[PDB]
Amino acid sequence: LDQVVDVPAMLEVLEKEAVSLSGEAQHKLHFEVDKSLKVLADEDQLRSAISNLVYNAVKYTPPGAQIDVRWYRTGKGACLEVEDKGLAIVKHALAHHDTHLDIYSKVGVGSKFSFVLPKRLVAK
């Protein structure tokens, strides 16, 4: 509450951090970001939640693996997804924004880390 977090700007910085972290592993990082979507949130907690999801996917996918990061509007609020083909800080950061970390796996196909922030936190 009480502060608008520019997630698009956050995600642009996080992209460079993720390519830097990947280094010569040359992960194919892909960011689909609604640049108009900002949220009312605690910047420190939200940066930590999103950053740790992206770093984790870089560390647990083989070199050259494809990683999709998405930031978009649902009907129910703002959705962050990290999908491929140190979660305590994520869980608690999200809990302070009244949301849960969701994890979906299709075994043998890939996994998706995602969360939806409540719609009262969408900024206009």
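Residues carry their position along the shown sequence, with the first being 1.
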Which fits the stretch between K59 and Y60: none, 1 to 3, 4 to 9, or 10 or more deposited residues lacking coordinates? none
Compare the mean C-alpha B-factor of 74-82 with that of 59-67 as given in the PDB entry, and name the stretch with the higher value. 59-67
Is the mean CA B factor in the deposited entry higher across 44-52 or across 22-30? 22-30
In this PDB entry, which of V116, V109, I103, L11 has the top CA B-factor? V109
Looking at the C-alpha B-factor of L1, is it in the lowest, middle or highest third of its chain? highest
Going by the recorded CA B-factors, say which third of the chain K91 sits in, lowest, middle or highest. lowest
